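The chain that follows stands alone, in the form deposited in one PDB entry, written as structure tokens.
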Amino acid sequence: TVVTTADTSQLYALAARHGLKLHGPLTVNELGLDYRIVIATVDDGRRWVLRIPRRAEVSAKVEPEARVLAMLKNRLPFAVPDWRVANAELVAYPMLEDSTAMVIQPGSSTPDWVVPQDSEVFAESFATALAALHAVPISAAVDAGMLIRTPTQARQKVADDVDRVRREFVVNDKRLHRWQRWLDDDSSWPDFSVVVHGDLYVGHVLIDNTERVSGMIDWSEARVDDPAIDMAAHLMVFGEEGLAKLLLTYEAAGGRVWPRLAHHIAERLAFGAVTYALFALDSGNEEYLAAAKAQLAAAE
């Protein structure tokens, strides 16, 4: 006998309760704070992703996300997870076998690989894919019960997040002033909202062998909100040059822009410190909290 991390008997029983018969290789990621993620082979010869909520508060999020994905399926020219099982104890979908646009070993802080800066096919297809997502009608989001933020509500959410961090943490004065100046800078903020992915970066984008965007995964943060939310990570990973190329093609593909969009994206990226700190706080994880506190106290 050999000790293995996966509990095959419990996983089999769980899947079988939802009409899936596990048979063959599987792999387990337990590093998620909210879900256990298993990639398992099923008797259809196919690999499936089992997204297993850990606790009642996580399970509560399954039904609304399922409605989002069901709405998005026909309205995007790329693949999203097809949640053929979606309930409080299990989400399961056939694996989208195309690679993520970055590869990282679980637990590692350094990727093995990220789609290259000079991949024009990736850059271009990510820009058009993003324009397509942001073109999903608001009416479809409303009909699917999505979280909707008007421009005023979008700005209020950012203000609320900043204020929550200010209450719970001690923040570098210049950082605080940056965020406040941003919140007060009317010209930075868009006069419309769009359907956003909400957690979009190379690790949640799938690409085919040619590096063309073919899918997006991990839609739990999707909502109607500020478009720049989905562009901050592109600026981090690909720099100002990558951002410039993105904005030209996004606009050419029909994406709605505004004159200070590039500036706003950079402020959104800086606001990632707030997002991280609140994630750390809500996680209860002391290592994440240690990192957040150190970042917040530090000068940018």
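The term rigid core refers to the maximal set of C-alpha atoms that superpose within 1.5 Å between the two forms. Quick note: we count residues from 1 along the sequence shown, nothing fancier.
The following text describes the form deposited in another entry, which does not appear among the structures shown.
When the two forms are overlaid on the rigid core, CA displacement between this form and the one not shown of 2 Å or more is confined, within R54, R256, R47, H263, to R47. Once both forms are overlaid on the rigid core, the distance between the two CA positions of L22 between this form and the one not shown is 2 angstroms or more.
Positional change of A244 between this form and the one not shown stays under 2 Å at the C-alpha, relative to the superposed core. Core-superposed comparison between this form and the one not shown: the Cα of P116 travels less than 2 Å.
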